[PDB]
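Novice: Below: one structure in structure tokens.
Numbers and lists here come from the model and the stated rules, or from a named source; no laboratory read-out is quoted. Positions of Cβ are generated from backbone atoms using ideal geometry, with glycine treated the same way; all protein chains shown enter the neighbour counts.
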Amino acid sequence: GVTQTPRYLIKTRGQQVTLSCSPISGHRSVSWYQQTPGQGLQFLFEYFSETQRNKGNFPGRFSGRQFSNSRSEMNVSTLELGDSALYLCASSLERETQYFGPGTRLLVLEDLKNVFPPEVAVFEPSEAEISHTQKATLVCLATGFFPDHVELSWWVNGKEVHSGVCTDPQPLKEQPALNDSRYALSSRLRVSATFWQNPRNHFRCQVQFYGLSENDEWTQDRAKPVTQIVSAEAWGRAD
Amino acid sequence: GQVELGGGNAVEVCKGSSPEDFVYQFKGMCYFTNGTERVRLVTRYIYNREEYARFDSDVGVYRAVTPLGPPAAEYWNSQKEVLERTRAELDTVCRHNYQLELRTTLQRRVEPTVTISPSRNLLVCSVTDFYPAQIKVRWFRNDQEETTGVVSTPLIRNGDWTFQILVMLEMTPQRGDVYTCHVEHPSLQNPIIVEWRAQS
Amino acid sequence: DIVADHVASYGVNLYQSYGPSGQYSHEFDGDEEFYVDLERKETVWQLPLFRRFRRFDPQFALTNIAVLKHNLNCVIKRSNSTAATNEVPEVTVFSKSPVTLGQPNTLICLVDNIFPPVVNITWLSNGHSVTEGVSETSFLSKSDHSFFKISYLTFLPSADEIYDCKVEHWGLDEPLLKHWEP
Amino acid sequence: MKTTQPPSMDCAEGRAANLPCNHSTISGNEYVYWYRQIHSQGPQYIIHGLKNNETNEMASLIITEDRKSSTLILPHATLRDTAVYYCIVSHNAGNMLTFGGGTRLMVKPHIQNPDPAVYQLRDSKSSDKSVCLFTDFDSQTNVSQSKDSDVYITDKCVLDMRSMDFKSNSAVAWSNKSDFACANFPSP
Ligand SMILES: *[C@@H]1O[C@H](CO)[C@@H](O)[C@H](O)[C@H]1NC(C)=O
Ligand SMILES: *[C@@H]1O[C@H](CO)[C@@H](O)[C@H](O)[C@H]1NC(C)=O
């Protein structure tokens, strides 16, 4: 489909950002959009044959580029707090139906002093649930992380499982009165009673945090919140 | 009312993008008959005065006119996205933009102006500035309609949404003659008559 | 060709490579409805009736003409870089109304079979280039895929008869000077 | 936008989901498009139409002959069809793509055997911390209670155990006061 990189991005004031997008094979009309809760889907600019056919009403700091293989790029200069958004890429055959990509979640902050990795913990199912419904439910808890750029996945015996899993759709703000509040996310894994009561089964809640890079600068006394994988585990027990 | 549209130029198959000149044309033509009862959309892809690929609503698919655009017509038929809107443009573009012609163009009437002036003997009945370019101009000589000695130039399109024609008459001046010039035009409920008398 | 009660040209997309120039216009029964200024991004209707009831977004032209620039470089490479044959134009000068020696009138210079659409029209009054009161229409399409352009000159008839229409084109060896007086 | 939609729309899982849309000001040259999107994710193209009723294998779309309104129809609404569905118009002439309010569709699941219970779980790394879990409750239950001081409650969550086609709702709540009680407000 429509390839769009990078997926997540965390920047500060004054920096610049270059976004890329590979369209559908056979398409050569790449459209750019900015999706914000306070402005909706705003058109940016459209590139077709290495030229800017259509253009919105955005400042000169929002520029674009396109190459011969229809892959388009977009650059922003002198980022502001209002520039943080989900930048979408719409691939079109020419003027026909547009197909959007995954989008690049951009975040602009005054500084990196409030970037935290999640503290992931796994909660074993109580013996009272296993005796009543004959089903064990593990609860994973990731709290105290910013931004919400995070991905959770369960692993059983080193294999990522999807059957019987569930994750909260949107993270929860621990201080809703503050806009810089650390987020929190929960997810559940439900298995049979006999499967949890087998010591050979190994349950692990993996959490992928997209934060700072190894090339960014860090000054705070806290450990650098680089892109890492925080995961807690819980072995099955048979009592 | 709402914004109008035009013909959609289908994309070519290449791997992206006196003095000499290379000209590329594209005409979104449409042929209405009996109002909006027989609309026909025919888009023409022309390269240097040579039409190499065309679409026809009566056909339903693209076709190559010259051996220059089989690669374009066969590719424009393969893409379902292109053929979907190209077929639908007869309703999207033509059958829609024709409805504005009723409000504007097809209701436009302009009364012509008729003047008879000799040239020294040739008489010239000059019908000028009219629309919609449908007229019947006749030369008479005292209740008898002249024909053999009448020159009729073709309709002259002035380019400013008006038309012009000149109907001439060779004659022999006989005392008592009256040369009337009938002009029949849709904007005129009754025809305009201009006469030139024989005297002296 | 095709017989019909009315023929509309809702495309007339043009783009040549001599000078990177284009033209978008809609035509109904041979006459031009409007033309899109590809530089100022404006729709210029040729009738006041259209300016009060019609509507057209000039972005469609810029979106459409950009496809011609792609297809032009396309078919050039498929046609072994085949140039355009310079057809010989022909000029016919006449008046919009019967000219009287006192009441002003409009002089019309019609140039037919213009291909490629790279032509100039300049009025010559007594050997001098008449500049005040000169207007010309955009290129108008023809069935044989050529063009024809019409020029105008607002004047007042008098004893001066030198009213030529200088037309320079590649199909002509020397510039044509066609002057006609009723 | 030139369209209008109802933002509050939910239906039962498996049954048809008729998402309406009114566009009285649409012209004969404007298509009707339908996009859905999970927030924080790229929008997904569904189906588009101009005249007549068209059917993609994802969903169907009907348009009235007078063109005043159109409805998006989902045959069997599943759990994955719970995004925000947008109804937009387009000239299909290289123009922009403008979204409106949309329709937040929620697919209420089917709970054949509801058994609401308030469980309490213990952390494996430290028995001091704990969380509580409300599960096997009704699908049509407003589980979102107001958060107090250091008392957090999450939204619902539907687990689909494909090994035994068993589905049930669930919601996690925790606190930092470590004096967990997790009190249990009537069910009907
Ligand atoms: C077309 O011709 C038929 C013949 O009777 C007539 O009834 C109709 O009004 C005409 N115009 C249309 C269908 O637009
Ligand atoms: C006249 O047209 C010719 C093209 O044949 C070219 O020299 C130029 O476009 C024009 N020059 C002048 C002086 O008008």
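Novice: Which one is farthest from the other protein chains (Cβ to nearest Cβ) among residues in the stretch B:37-75 that are within 16 Å of ligand 1 (Cβ to nearest atom) and exposed (fewer than 15 other Cβ atoms within 10 Å of the Cβ)?
Specialist: As a first pass, look at the stretch B:37-75 and keep what is within 16 Å of ligand 1 (Cβ to nearest atom): B:37-40.
Those still in the list that are exposed (fewer than 15 other Cβ atoms within 10 Å of the Cβ) too: B:37-38.
Values: B:37: 10, B:38: 8 Å.
Ranking the candidates gives B:37 first.
A quick yes/no check of all residues on (1) within 14 Å of chain B (Cβ to nearest Cβ); (2) among the hydroxyl-bearing types (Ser, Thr, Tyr); (3) away from ligand 1 (no atom under 16 Å from the Cβ):
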| site | (1), (2), (3) |
| --- | --- |
| C:111 | yes, no, yes |
| C:127 | no, no, yes |
| C:130 | no, no, yes |
| C:138 | yes, yes, yes |
| C:156 | no, no, yes |
| C:160 | no, no, yes |
| C:167 | no, no, yes |
| C:173 | yes, no, yes |
| C:179 | no, no, yes |
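Novice: Could I ask something else about it? Among strands (runs of 3 or more DSSP E) lying entirely in the stretch D:1-84, which contain 3 or more residues that are away from chain B (no Cβ under 14 Å)? Let's see the steps before the verdict.
Specialist: Numbers: elements: D:8-12, D:17-22, D:31-37, D:44-49, D:60-63, D:69-74.
Hits in the stretch D:1-84: D:8-12, D:17-22, D:31-37, D:60-63, D:69-74.
Novice: Something else: So if I check each of B:99, B:134, which one is assigned to a helix (DSSP H, G or I) and over 25 Å from residue A:94 (Cα atoms)?
Specialist: Working: B:134 fails: assigned to a helix (DSSP H, G or I).
Among B:99, B:134, only B:99 is assigned to a helix (DSSP H, G or I) and over 25 Å from residue A:94 (Cα atoms).
Novice: Among the residues of the stretch A:55-65, is any charged (D, E, K, R), in a strand (DSSP E or B), more than 23 Å from residue A:8 (Cβ to Cβ) and within 14 Å of chain B (Cβ to nearest Cβ)? Steps first, answer last, please.
Specialist: Start the filter on the stretch A:55-65 by keeping residues that are charged (D, E, K, R), which leaves A:55, A:61, A:65.
Among the residues that remain, those that are also in a strand (DSSP E or B) are: A:55, A:65.
Those still in the list that are more than 23 Å from residue A:8 (Cβ to Cβ) too: A:55.
With the extra rule that they be within 14 Å of chain B (Cβ to nearest Cβ), the set shrinks to none.
No, because not a single residue in the stretch A:55-65 is charged (D, E, K, R), in a strand (DSSP E or B), more than 23 Å from residue A:8 (Cβ to Cβ) and within 14 Å of chain B (Cβ to nearest Cβ).
Novice: Need a quick list: strands (runs of 3 or more DSSP E) entirely within the stretch B:1-89 having at least 2 residues that are among the hydrophobic types (A, V, I, L, M, F, W, C).
Specialist: Numbers: elements: B:23-32, B:40-47, B:50-56, B:62-64.
Once the strands (runs of 3 or more DSSP E) in the stretch B:1-89 are filtered for at least 2 residues that are among the hydrophobic types (A, V, I, L, M, F, W, C), what remains is B:23-32, B:40-47, B:50-56.
Novice: Sticking with this structure for a sec: Here is a check on your reading of the model: is residue C:49 in a helix (DSSP H, G or I) and either more than 16 Å from ligand 2 (Cβ to nearest atom) or more than 7 Å from chain B (Cβ to nearest Cβ) (or both)? Give the derivation first.
Specialist: On the way: in a helix (DSSP H, G or I): yes; either more than 16 Å from ligand 2 (Cβ to nearest atom) or more than 7 Å from chain B (Cβ to nearest Cβ) (or both): yes.
Yes; evaluated as a whole, the condition is true for this residue.
Novice: Can residue B:123 be described as assigned to a strand (DSSP E or B) and under 30 Å from residue C:139 (Cα atoms)?
Specialist: no
Residue-by-condition table, conditions (1) more than 30 Å from residue C:56 (Cβ to Cβ); (2) assigned by CATH to the domain that holds residue D:137; (3) buried (at least 18 other Cβ atoms within 10 Å of the Cβ); (4) in contact with an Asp or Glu (Cβ under 9 Å, 6 or more places away or on another chain):
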site: D:35; (1), (2), (3), (4): no, no, yes, no
site: D:54; (1), (2), (3), (4): no, no, no, no
site: D:80; (1), (2), (3), (4): yes, no, no, no
site: D:114; (1), (2), (3), (4): yes, yes, no, yes
site: D:117; (1), (2), (3), (4): yes, yes, no, yes
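Novice: How many residues are touching a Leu at 6+ places or on another chain (Cβ under 7 Å), within 16 Å of ligand 2 (Cβ to nearest atom) and not aromatic (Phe, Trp, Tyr) when one looks only at the stretch C:125-148?
Specialist: Summing the residues that are touching a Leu at 6+ places or on another chain (Cβ under 7 Å), within 16 Å of ligand 2 (Cβ to nearest atom) and not aromatic (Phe, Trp, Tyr) in the stretch C:125-148 gives 2.
Novice: Here is a list: A:113, A:135, A:55. Which entry is among the basic types (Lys, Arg) and under 26 Å from the mean Cα position of the chain (by Cα)?
Specialist: Numbers: A:135 fails: under 26 Å from the mean Cα position of the chain (by Cα); A:55 fails: under 26 Å from the mean Cα position of the chain (by Cα).
When all the criteria are applied, what remains is A:113.
Novice: Taking the options A:58, A:43, A:48, name whichever one is over 18 Å from residue D:98 (Cα atoms) and aromatic (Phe, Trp, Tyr).
Specialist: Result: A:48 is the single residue among A:58, A:43, A:48 that is over 18 Å from residue D:98 (Cα atoms) and aromatic (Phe, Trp, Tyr).
Novice: Quick one: residue B:18 ticks every box in (1) closer than 28 Å to residue C:119 by Cβ; (2) among the hydroxyl-bearing types (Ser, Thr, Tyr); (3) in contact with a strand residue (DSSP E or B) (Cβ under 7 Å, 6 or more places away or on another chain); (4) within 7 Å of chain C (Cβ to nearest Cβ) bar one, so which box is it?
Specialist: (3)
Novice: Any residue that is away from chain D (no Cβ under 14 Å) and either touching a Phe, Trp or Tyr at 6+ places or on another chain (Cβ under 7 Å) or closer than 30 Å to residue A:56 by Cβ (or both) - is there at least one of those in the stretch C:54-65?
Specialist: Filtering the stretch C:54-65 down to residues away from chain D (no Cβ under 14 Å) leaves none.
No, the stretch C:54-65 contains no residue that is away from chain D (no Cβ under 14 Å) and either touching a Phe, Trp or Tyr at 6+ places or on another chain (Cβ under 7 Å) or closer than 30 Å to residue A:56 by Cβ (or both).
Novice: Filter the stretch C:92-129 down to the residues that are β-branched (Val, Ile, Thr), under 27 Å from residue C:17 (Cα atoms) and out of contact with any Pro (no Cβ under 6 Å at 6 or more places or on another chain) and list them by number.
Specialist: Going residue by residue through the stretch C:92-129, those that are β-branched (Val, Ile, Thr) are C:92-93, C:99-100, C:106, C:108, C:111, C:114, C:118-119, C:121-122.
Next, from what is left, pick out any that are under 27 Å from residue C:17 (Cα atoms): C:111, C:114, C:118-119, C:121-122.
Matches in the stretch C:92-129: C:118, C:119, C:121, C:122.
Novice: Can you tell me which residue in the stretch C:1-15 is farthest from ligand 2 (Cβ to nearest atom), limited to those that are surrounded by 22 or more Cβ atoms within 10 Å (Cβ to Cβ) and in a strand (DSSP E or B)?
Specialist: Within the stretch C:1-15, the first condition is being surrounded by 22 or more Cβ atoms within 10 Å (Cβ to Cβ), and the residues that meet it are C:8-15.
Narrowing further to those that are in a strand (DSSP E or B): C:8-9, C:13-15.
Numbers: C:8: 31, C:9: 25, C:13: 21, C:14: 16, C:15: 17 Å.
The residue in question is C:8.
Novice: Determine if the stretch B:18-33 includes at least one residue that is within 30 Å of residue B:178 (Cα to Cα), away from ligand 2 (no atom under 16 Å from the Cβ) and of a type in the set (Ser, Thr, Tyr). Don't jump to the end; show me each part of the working.
Specialist: Of all residues in the stretch B:18-33, those within 30 Å of residue B:178 (Cα to Cα) come to none.
So far as the stretch B:18-33 goes, no, none of its residues is within 30 Å of residue B:178 (Cα to Cα), away from ligand 2 (no atom under 16 Å from the Cβ) and of a type in the set (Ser, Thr, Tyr).
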